[PDB]
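J.: these chains are from a complex, not moved at all, and more is on the way:
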Amino acid sequence: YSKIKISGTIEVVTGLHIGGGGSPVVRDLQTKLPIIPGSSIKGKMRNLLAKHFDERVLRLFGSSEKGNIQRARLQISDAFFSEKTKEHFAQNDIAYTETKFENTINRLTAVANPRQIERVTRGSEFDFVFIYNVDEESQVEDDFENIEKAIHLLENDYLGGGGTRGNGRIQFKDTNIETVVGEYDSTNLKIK
């Protein structure tokens, strides 16, 4: 029984908005640096990978509410600013959050009522960790094919709110897959 670790970093290509406060964005109540929750990653990934088609959705994330019980096989954790993004923004003196002013146009009236929505800065990097509990040897290839297709979809989609309006596009870089428990080889599994 082995535990596979999928680690990497994600870049904010266009501004990001999770906004649990709202319209603030989620942060840590002491460090005052924004975070991207694991619940967001998991929810959007599940919605995409399911809409792509089921039993596989049950297998990767686990539902256990339909008269049969399946334990989650993929664990997703939060992400945080890397040291690299922090140091770069400090040296070049860049704030960590941008605030976009927005506006709405009424019809038959054409009066504008403005908005104020906070957004994570472009170029910021988040470091993430996933875990894959391989409970069946003969299915790791299939499950990483599924997670590959899911990450491929998320590459071409958005996280958080207002993505149709132009924000949330992310990128995935520097993914490494290592086996941290047990004696299962993982030098052939692949994620972009």
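T.: Yep, that arrived. Numbers count the residues shown, from 1 in each chain, chains lettered A, B, ... in the order given.

J.: in terms of contact, does residue A:118 touch residue A:101 like I think?
T.: No - Residue A:118 is beyond contact range of residue A:101, at 10.8 Å (criterion: Cβ atoms under 8 Å). Where you see a C-beta, it was placed from the backbone N, CA and C, and this is true even at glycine.

J.: Residue A:97 pairs with what?
T.: With DSSP bridges applied, the residues forming beta bridges to residue A:97 are residue A:120.

J.: related to what we said a few turns ago, neighbour count: residue A:118 and residue A:101, which is higher?
T.: residue A:118 (17 against 8; other Cβ atoms under 10 Å).

J.: check contacts around the more buried one.
T.: Applying Cβ atoms under 8 Å, 6 or more residues apart in numbering to residue A:118 gives the contacts A:17, A:19, A:23, A:24, A:25, A:97, A:98, A:99, A:100.

J.: Ok, residue A:126 next?
T.: The neighbourhood of residue A:126, defined by Cβ under 8 Å, 6+ apart, consists of A:9, A:10, A:11, A:12, A:35, A:36, A:79, A:80, A:81, A:82.

J.: could you dump the residues you listed to CSV with neighbour count and secondary structure?
T.: Below are these laid out as CSV (neighbours: other Cβ atoms under 10 Å; DSSP: H, G, I helix; E, B strand; the rest coil):
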residue, neighbour count, secondary structure
A:9, 17, strand
A:10, 24, strand
A:11, 16, strand
A:12, 23, strand
A:35, 19, coil
A:36, 24, strand
A:79, 21, strand
A:80, 18, strand
A:81, 19, strand
A:82, 15, coil
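
J.: and chain B on top of that:
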Amino acid sequence: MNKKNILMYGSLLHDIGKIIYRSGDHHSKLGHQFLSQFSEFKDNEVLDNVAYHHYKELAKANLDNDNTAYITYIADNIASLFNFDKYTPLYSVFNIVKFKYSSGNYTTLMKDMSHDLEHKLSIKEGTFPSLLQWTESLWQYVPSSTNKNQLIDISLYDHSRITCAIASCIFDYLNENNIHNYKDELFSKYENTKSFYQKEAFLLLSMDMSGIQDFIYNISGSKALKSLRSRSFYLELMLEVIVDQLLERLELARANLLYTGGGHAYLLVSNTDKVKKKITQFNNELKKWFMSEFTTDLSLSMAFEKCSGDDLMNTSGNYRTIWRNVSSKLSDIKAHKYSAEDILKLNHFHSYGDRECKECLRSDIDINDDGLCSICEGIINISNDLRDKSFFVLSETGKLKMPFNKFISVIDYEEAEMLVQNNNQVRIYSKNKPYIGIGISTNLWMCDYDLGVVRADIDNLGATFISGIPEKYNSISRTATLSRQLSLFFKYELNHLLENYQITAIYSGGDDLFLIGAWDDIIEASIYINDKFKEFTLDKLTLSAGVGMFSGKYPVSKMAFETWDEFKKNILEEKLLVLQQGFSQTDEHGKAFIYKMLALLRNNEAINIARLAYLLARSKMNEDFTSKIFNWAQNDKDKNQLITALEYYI
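T.: Alright, chain B goes in next:
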């Protein structure tokens, strides 16, 4: 009449003649003459009791070696050069830790009490609580002793109540301990008299609700407001019914109750073997009940301690020693709560159970429709019935389940009457309403008035209850009156003070203040309450309070576990006002401009100070407003206060 009832009805009127003399248009002999015209109180031994409450009078009354008045003498002595000024103004005890005199007032009170005494008062075995209530209604601010040389802080109601209490305790102690010629037991010689003060004839008893917090704050459902006002009230009424039922057992009067509130109750009872045996049995039955429904959420512990009457007269400050000792015994008999067979029974019941009430976070209780148990639904019923109806009835059927196989339902005053002539074994508990005079009229005090949440604790209350006024005012009487004053403050004054505010009162009393409502309103009411309290405590006692902003539809069980001159004068009055005027005069300063101000301010840097200068320059405020803002921004204390004030603006 039962001789105990004779002690009661006589004692509570021993110093009645004072109001009559002080009247002038109208002491022992005078009171004797006054009571002597009325058919109901035409009992004669009560007349003897009243007419002979002092040493000189008793010297020649030639009364029997057993005549109730002697107990009255010792009781008044225990509860307590002599030029009484009829106009002496009563003083508030809170200073040492005056109220609103003239002659005609007393005449008016004479009229009023004759009116009530012809038309409201009547003599039967069970009307003593009613007599006590009318005394409470009429006398709470008529000074008891008006000695020019004493620190006058006792109302005559307090003096009478404690005298009646002590008289009851003495009577039981003497009747039980095989003494009958009380004239010779007590009065004969001062040395023998002094011994009687020294004999431990009194027991002080304590109570404590164990699991207040986790029972009141386990709510997650959509009726958060409706349940909380009702759950708190159910727990309160549980405490009240426990104490009343105990008093009924010990055959004692409602006077012996000295304090109720929160979870504590103090009772002064007799120091006999009979009383102690009953107390043990009643503790057994209560604990068995409370296990039979809750098993951890609520439990009651009682403890008692022998005390000698000499200690009640503040002889050696020993009142403080004995009071602390009983407190320690309570806090150390809440340790060993469950016997061996009990804990076995708790663990070996494999029972078919359903799951946790959505409203009431509890699994053990047995749910039903809408995922709610019967108890939670009864709580919801009483919640619905609270707002429109005021009287609360203890009966065999009811709606909610009370301790000793009783139940509560809700009625109206006409319905209460209809139950009264029905002669059902009832008690009426009211919504802060006197002038009831209906059956067992028991004006129980509870502040029923109807996001922001506010919690407050009296900082100096442990000492005040315990240390009190040092070395000279530490009787039972004076701590009792202090207790009554704090209780009445938190159980009437909140109701009145909260009127102009959009707030509903959840759980208030003792030293806990729990109010919830709109954000702005909570702040304004909190300031008003702090000031009005500092008025009533003459700036002797301080309050610490916390207010937080909580979003709607949060589980109120979770918001509760989260939760002066400086804030009023400096933040609210000056900075907030100038800021509000500034934004009112100049439009277009929406949340965007204010939030850029925040963005500059929270990062405490000088380059940000220059940037803020640029921003204020680009605004169109008057030079005074901009200048004041910038000068405040240069200073740390001022800038924090400015941040708080403008945050309040939004």
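
J.: Now residue B:115: which helix or strand?
T.: Secondary-structure element containing residue B:115, defined by DSSP states H and E: helix B:103-119.

J.: for that helix, packing partners?
T.: Helices and strands touching helix B:103-119, by 3 or more Cβ pairs under 8 Å, 6 or more residues apart in numbering or on different chains; DSSP states H and E, are helix B:17-21, helix B:128-139.

J.: got the contact list for that helix?
T.: Contacts of helix B:103-119 with the rest of the structure, by Cβ atoms under 8 Å, 6 or more residues apart in numbering or on different chains, involve B:19-20, B:22-26, B:38, B:40-41, B:86-87, B:134, B:138, B:142.

J.: let's go with 6 Å and repeat that
T.: B:19, B:22, B:23, B:24, B:25, B:26, B:38, B:134 (Cβ atoms under 6 Å, 6 or more residues apart in numbering or on different chains).

J.: Next, count neighbours for the second one.
T.: Residue B:22 is flanked by 25 other residues according to other Cβ atoms under 10 Å in any protein chain shown.

J.: Count the residues that sit near the nearest residue to it once chain neighbours are set aside.
T.: Closest residue in space to residue B:22, ignoring its immediate chain neighbours: residue B:86 at 4.0 Å, by Cβ to Cβ, 6 or more residues apart in numbering or on different chains. Residues within reach of residue B:86, counting by other Cβ under 10 Å, total 17.

J.: Specify the local secondary structure of residue B:86.
T.: Taken by DSSP: H, G, I helix; E, B strand; the rest coil, the conformation at residue B:86 corresponds to coil.

J.: include chain C too:
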Amino acid sequence: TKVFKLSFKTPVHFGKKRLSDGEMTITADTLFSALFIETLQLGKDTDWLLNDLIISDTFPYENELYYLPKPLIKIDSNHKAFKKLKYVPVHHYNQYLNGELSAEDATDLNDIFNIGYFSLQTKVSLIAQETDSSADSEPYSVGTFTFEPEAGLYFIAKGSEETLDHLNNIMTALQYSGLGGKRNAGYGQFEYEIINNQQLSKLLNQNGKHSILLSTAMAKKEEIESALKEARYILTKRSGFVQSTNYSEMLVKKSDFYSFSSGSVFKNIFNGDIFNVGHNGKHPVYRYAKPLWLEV
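T.: Adding chain C to what we have so far:
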């Protein structure tokens, strides 16, 4: 007899009654349950680590200060400053047991006790008919705790050397699983380090007349009568559901169990037992009740 130190770096939900509840420390019940579940997932043998291992509850730490719970001992003097206090660090523990702690010292110790803060994070659930048609979202709340960069929790375990080697292997397995509630949603991973602190060892290896119960225990049937002779204790209804026992999770729920808290004081020692809370199931479900005694 080694002790384990836990660092988290991700906020953790630990739970008492509802998902919006937040708790800082957890008991040997949840810990032993986690070790059992990871042993079974590994497919290792369970007998060795069932009836030989003794685990203490979790207890927080700060930068270089370690903490143990307040003994419910009868101190004879305020009765206020001590009530607001929960934990007493290892430096001053013998001082507390012998009355060498003063009210101003109590205020100071309470003042220094900033070892984490609480929070409620909001979330929404759009699996509902928002997929299908006009239908409201159903926001829910979770309760979390976050530690400052030098805080965490620590264990105390004892047993044979072989048992501790197995415990090390299982802990290595567990550090990449969670130890809390919403593990799969991104809460509660940790890295652990084994350090030998001289002072805590000294405290654990005394000899006295009283005993301070550091875990949650319940005496067996035939010892409780003599166990409760002179004691000061708090009972806690410990409940919860079970993982993979029968068809419906909602229809499976452990029978409630009461055990003494993690600060009780006793005269006569009792050994505990791993008690079943099982019924209507396909496999036994274990709850832990075995004391770790501190003898002074």
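
J.: once more on the contacts of helix B:103-119, with chain C this time?
T.: Under the criterion Cβ under 6 Å, 6+ apart, residues B:19, B:22, B:23, B:24, B:25, B:26, B:38, B:134 lie in contact with helix B:103-119.

J.: What segments of chain A are helices?
T.: Secondary structure of chain A, counting by DSSP state H: helices at A:38-51, A:55-61, A:83-91, A:140-155.

J.: show me the contacts for residue 156.
T.: Here I'm looking at chain A. Contacts of residue A:156 by Cβ under 6 Å, 6+ apart: none found.

J.: that's the other chain; I wanted chain B
T.: Under the contact definition (Cβ under 6 Å, 6+ apart), the residues listed for residue B:156 are B:139, B:142, B:144.

J.: Quick one: those residues as a markdown table, columns for distance to chain A and neighbour count too.
T.: Formatted as a markdown table, the contacts of residue B:156 follow (distance: Cβ to the nearest Cβ, whole Å; neighbours: other Cβ atoms under 10 Å in any protein chain shown):
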| residue | distance to chain A | neighbour count |
| --- | --- | --- |
| B:139 | 56 | 22 |
| B:142 | 57 | 19 |
| B:144 | 57 | 22 |
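
J.: Quickly name whichever of the residues you listed is closest to residue B:286.
T.: The nearest member of those to residue B:286, counting by Cβ to Cβ, is residue B:139 at 34.4 Å.

J.: Can you tell me, leaving aside adjacent residues, what's nearest to that closest one?
T.: With sequence-adjacent residues excluded and distances taken as Cβ to Cβ, 6+ apart, residue B:139 is closest to residue B:157, at 4.1 Å.

J.: and the one you found, what element?
T.: Of the helices and strands defined by DSSP H and E, residue B:157 is found in helix B:156-176.
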